[PDB]
Amino acid sequence: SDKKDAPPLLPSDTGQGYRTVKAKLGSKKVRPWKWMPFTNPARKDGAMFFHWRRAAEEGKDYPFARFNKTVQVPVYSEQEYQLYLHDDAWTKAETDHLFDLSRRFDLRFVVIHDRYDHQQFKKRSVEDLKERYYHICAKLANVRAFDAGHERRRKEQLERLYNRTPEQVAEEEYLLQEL
Amino acid sequence: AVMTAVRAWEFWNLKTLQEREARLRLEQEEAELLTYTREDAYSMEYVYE
């Protein structure tokens with residue numbers, strides 16, 4: 001945002017005094033703007049909203065539709081789960097719930113786990129979901145044809161380092177640099 | 001009397017000068033620049049270099 005500094009500088013035409021630009025403005029006229037209804041092609045349901053546009057671009061298209069990209073999701077209903085997307089600890093219900101939720105939260109694993117329903121299904125950590133998603137993607141790749149454990153070691157190493165009591169933090173960090 | 005008037009005028013001039021300088025500083029306080037020109041806005045105008 002800012003750090004409490006001078007105000008922004010904005011474009012202006014009527015610097016000087018509209019005696020300079022009297023001619024440059026009088027000789028031209030504006031393109032007629034209109035409040036026009038539009039429907040974004042990115043909308044699965046064809047709802048319509050208003051906004052200001054030039055009345056020569058009316059109803060053309062919504063430039064932000066190109067931001068509507070989505071990441072893929074695997075598919076299985078009756079037999080692909082048993083044949084290819086096999087599992088022995090996760091039910092079809094839990095896998096489908098996790099997959100729909102991952103689409104909800106666009107494979108943002110942390111908030112995915114945050115939502116992961118702990119009372120419709122048994123508890124588990126983020127890296128379990130991450131590695132299971134990797135496994136399902138690998139299986140899909142095979143039919144359609146770095147290490148989670150070290151990440152757990154990560155979480156525990158950071159937890160130990162930070163939970164370290166302040167005096168030990170200072171002493172060890174001294175010991176850290178001395179050698 | 002002329003010496004007294006000259007000294008009093010010197011002090012009055014000094015005070016008026018200090019007051020004018022204070023007013024000039026107060027003027028400087030406000031952000032002197034708020035906008036710029038259009039040909040100096042959409043034509044890249046400069047390179048960090």
# chains A, B, ... in the order shown; residues from 1 in each chain; ligands from 1

call {"tool": "interface_residues", "arguments": {"of": "chain A", "to": "chain B", "cutoff": "8 Å", "atoms": "only C-alpha atoms", "output": "list in words"}}
result
residues 6, 7, 8, 9, 10, 11, 12, 13 and 15 of chain A

call {"tool": "residues_around", "arguments": {"residues": "residue A:97", "least_positions_apart": "4", "cutoff": "9 Å", "atoms": "only C-alpha atoms", "output": "list in words"}}
result
residues 92, 93, 101, 102, 116 and 117 of chain A

call {"tool": "write_last_selection", "arguments": {"atoms": "C-alpha atoms", "output": "PDB file, in the first residue's frame"}}
result
ATOM      1  CA  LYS A  92     -15.478 -43.551  -2.321  1.00  0.00           C
ATOM      2  CA  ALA A  93     -17.424 -41.001  -0.271  1.00  0.00           C
ATOM      3  CA  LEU A 101     -13.498 -29.705  -1.746  1.00  0.00           C
ATOM      4  CA  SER A 102     -10.135 -29.452  -3.513  1.00  0.00           C
ATOM      5  CA  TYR A 116     -11.683 -31.157   5.435  1.00  0.00           C
ATOM      6  CA  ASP A 117     -14.678 -32.373   7.394  1.00  0.00           C
TER       7      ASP A 117
END

call {"tool": "closest_residue", "arguments": {"among": "A:16, A:91, A:27, A:125", "to": "residue A:152", "atoms": "only C-alpha atoms"}}
result
A:125

call {"tool": "residues_around", "arguments": {"residues": "stretch 72-78 of chain A", "least_positions_apart": "3", "cutoff": "12 Å", "atoms": "only C-alpha atoms", "output": "PyMOL selection string"}}
result
chain A and resi 69+81-86+92-93+95-96+98-104+106-107+133-141+143-144

call {"tool": "write_last_selection", "arguments": {"atoms": "N, CA and C atoms", "output": "JSON list (two decimals), in the first residue's frame"}}
result
[["chain", "number", "residue", "atom", "x", "y", "z"],
["A", 69, "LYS", "N", -9.92, -19.58, -15.89],
["A", 69, "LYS", "CA", -9.30, -20.89, -16.01],
["A", 69, "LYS", "C", -9.50, -21.70, -14.73],
["A", 81, "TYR", "N", -13.04, -46.50, -9.76],
["A", 81, "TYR", "CA", -12.44, -46.49, -8.43],
["A", 81, "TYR", "C", -11.86, -47.86, -8.08],
["A", 82, "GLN", "N", -12.61, -48.92, -8.36],
["A", 82, "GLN", "CA", -12.13, -50.26, -8.01],
["A", 82, "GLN", "C", -11.02, -50.71, -8.94],
["A", 83, "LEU", "N", -11.17, -50.49, -10.25],
["A", 83, "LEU", "CA", -10.23, -51.04, -11.21],
["A", 83, "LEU", "C", -8.91, -50.27, -11.22],
["A", 84, "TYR", "N", -8.97, -48.95, -11.37],
["A", 84, "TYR", "CA", -7.77, -48.13, -11.52],
["A", 84, "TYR", "C", -7.49, -47.29, -10.28],
["A", 85, "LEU", "N", -8.47, -46.52, -9.81],
["A", 85, "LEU", "CA", -8.28, -45.62, -8.67],
["A", 85, "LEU", "C", -8.52, -46.37, -7.36],
["A", 86, "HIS", "N", -7.79, -47.47, -7.20],
["A", 86, "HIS", "CA", -8.00, -48.35, -6.06],
["A", 86, "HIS", "C", -7.63, -47.65, -4.76],
["A", 92, "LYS", "N", -15.13, -44.39, -1.18],
["A", 92, "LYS", "CA", -15.48, -43.55, -2.32],
["A", 92, "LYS", "C", -16.05, -42.22, -1.86],
["A", 93, "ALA", "N", -16.83, -42.23, -0.78],
["A", 93, "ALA", "CA", -17.42, -41.00, -0.27],
["A", 93, "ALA", "C", -16.35, -40.02, 0.17],
["A", 95, "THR", "N", -13.13, -39.91, -0.69],
["A", 95, "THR", "CA", -12.35, -39.45, -1.83],
["A", 95, "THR", "C", -13.12, -38.40, -2.63],
["A", 96, "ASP", "N", -14.40, -38.66, -2.89],
["A", 96, "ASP", "CA", -15.20, -37.71, -3.65],
["A", 96, "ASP", "C", -15.36, -36.39, -2.90],
["A", 98, "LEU", "N", -13.27, -35.11, -0.68],
["A", 98, "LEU", "CA", -11.99, -34.41, -0.72],
["A", 98, "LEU", "C", -11.75, -33.81, -2.09],
["A", 99, "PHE", "N", -12.18, -34.49, -3.15],
["A", 99, "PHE", "CA", -11.94, -33.99, -4.50],
["A", 99, "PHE", "C", -12.81, -32.78, -4.79],
["A", 100, "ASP", "N", -14.09, -32.85, -4.44],
["A", 100, "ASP", "CA", -14.98, -31.72, -4.61],
["A", 100, "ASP", "C", -14.49, -30.53, -3.80],
["A", 101, "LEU", "N", -14.02, -30.78, -2.58],
["A", 101, "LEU", "CA", -13.50, -29.71, -1.75],
["A", 101, "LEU", "C", -12.22, -29.12, -2.33],
["A", 102, "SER", "N", -11.35, -29.96, -2.89],
["A", 102, "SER", "CA", -10.13, -29.45, -3.51],
["A", 102, "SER", "C", -10.46, -28.57, -4.70],
["A", 103, "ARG", "N", -11.54, -28.88, -5.42],
["A", 103, "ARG", "CA", -11.96, -28.00, -6.49],
["A", 103, "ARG", "C", -12.50, -26.71, -5.89],
["A", 104, "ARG", "N", -13.33, -26.82, -4.85],
["A", 104, "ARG", "CA", -13.78, -25.64, -4.12],
["A", 104, "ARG", "C", -12.62, -24.68, -3.93],
["A", 106, "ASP", "N", -9.51, -25.03, -5.04],
["A", 106, "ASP", "CA", -8.52, -24.93, -6.10],
["A", 106, "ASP", "C", -7.15, -25.45, -5.66],
["A", 107, "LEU", "N", -7.14, -26.68, -5.16],
["A", 107, "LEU", "CA", -5.90, -27.37, -4.77],
["A", 107, "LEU", "C", -4.98, -26.47, -3.94],
["A", 133, "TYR", "N", -3.68, -37.03, -3.13],
["A", 133, "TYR", "CA", -3.97, -36.37, -4.40],
["A", 133, "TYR", "C", -2.90, -36.72, -5.43],
["A", 134, "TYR", "N", -1.64, -36.76, -5.02],
["A", 134, "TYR", "CA", -0.59, -37.19, -5.93],
["A", 134, "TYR", "C", -0.86, -38.61, -6.42],
["A", 135, "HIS", "N", -1.23, -39.50, -5.50],
["A", 135, "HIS", "CA", -1.48, -40.89, -5.88],
["A", 135, "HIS", "C", -2.62, -40.99, -6.88],
["A", 136, "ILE", "N", -3.72, -40.27, -6.64],
["A", 136, "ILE", "CA", -4.85, -40.34, -7.56],
["A", 136, "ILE", "C", -4.45, -39.79, -8.93],
["A", 137, "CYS", "N", -3.70, -38.69, -8.95],
["A", 137, "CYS", "CA", -3.26, -38.14, -10.23],
["A", 137, "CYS", "C", -2.37, -39.13, -10.97],
["A", 138, "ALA", "N", -1.47, -39.80, -10.26],
["A", 138, "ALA", "CA", -0.61, -40.79, -10.89],
["A", 138, "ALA", "C", -1.45, -41.93, -11.48],
["A", 139, "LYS", "N", -2.44, -42.40, -10.72],
["A", 139, "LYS", "CA", -3.27, -43.49, -11.23],
["A", 139, "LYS", "C", -4.04, -43.06, -12.47],
["A", 140, "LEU", "N", -4.64, -41.87, -12.44],
["A", 140, "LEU", "CA", -5.31, -41.35, -13.63],
["A", 140, "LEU", "C", -4.35, -41.29, -14.81],
["A", 141, "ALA", "N", -3.13, -40.82, -14.58],
["A", 141, "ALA", "CA", -2.16, -40.75, -15.66],
["A", 141, "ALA", "C", -1.87, -42.13, -16.24],
["A", 143, "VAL", "N", -3.87, -44.88, -16.18],
["A", 143, "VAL", "CA", -5.01, -45.42, -16.92],
["A", 143, "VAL", "C", -5.17, -44.67, -18.24],
["A", 144, "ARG", "N", -4.97, -43.35, -18.22],
["A", 144, "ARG", "CA", -5.11, -42.52, -19.40],
["A", 144, "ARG", "C", -3.80, -42.37, -20.17]]

call {"tool": "atom_distance", "arguments": {"atom1": "atom CA of residue A:71", "atom2": "atom CA of residue A:108"}}
result
11.4 Å

call {"tool": "residues_around", "arguments": {"residues": "stretch 45-62 of chain A", "least_positions_apart": "2", "cutoff": "7 Å", "atoms": "only C-alpha atoms", "output": "NGL selection string"}}
result
:A and (31-40 or 43 or 64-65)

call {"tool": "select_by_dssp", "arguments": {"residues": "chain B", "states": "helix (DSSP H, G or I)", "output": "number ranges by chain"}}
result
B: 2-29

call {"tool": "atom_distance", "arguments": {"atom1": "atom CA of residue A:89", "atom2": "atom CA of residue A:113"}}
result
17.6 Å

call {"tool": "atom_distance", "arguments": {"atom1": "atom CA of residue A:127", "atom2": "atom CA of residue A:79"}}
result
27.0 Å

call {"tool": "decode", "arguments": {"residues": "stretch 13-30 of chain A", "atoms": "C-alpha atoms", "output": "short mmCIF file (atom, residue, chain, number, x, y, z; two decimals), in the first residue's frame"}}
result
data_model
loop_
_atom_site.label_atom_id
_atom_site.label_comp_id
_atom_site.auth_asym_id
_atom_site.auth_seq_id
_atom_site.Cartn_x
_atom_site.Cartn_y
_atom_site.Cartn_z
CA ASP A 13 -5.12 17.72 -18.88
CA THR A 14 -6.25 21.05 -17.40
CA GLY A 15 -2.94 21.71 -15.79
CA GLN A 16 -2.19 25.21 -16.97
CA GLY A 17 -5.67 26.69 -17.37
CA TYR A 18 -8.07 25.50 -20.08
CA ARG A 19 -6.83 28.37 -22.18
CA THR A 20 -4.06 26.24 -23.63
CA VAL A 21 -6.26 23.22 -24.32
CA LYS A 22 -9.40 25.13 -25.28
CA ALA A 23 -8.68 24.26 -28.92
CA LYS A 24 -7.63 20.64 -28.40
CA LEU A 25 -10.90 19.97 -26.56
CA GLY A 26 -13.30 22.10 -28.61
CA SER A 27 -12.36 20.39 -31.86
CA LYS A 28 -13.29 16.89 -30.65
CA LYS A 29 -16.19 15.18 -28.91
CA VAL A 30 -16.72 12.19 -26.66
#
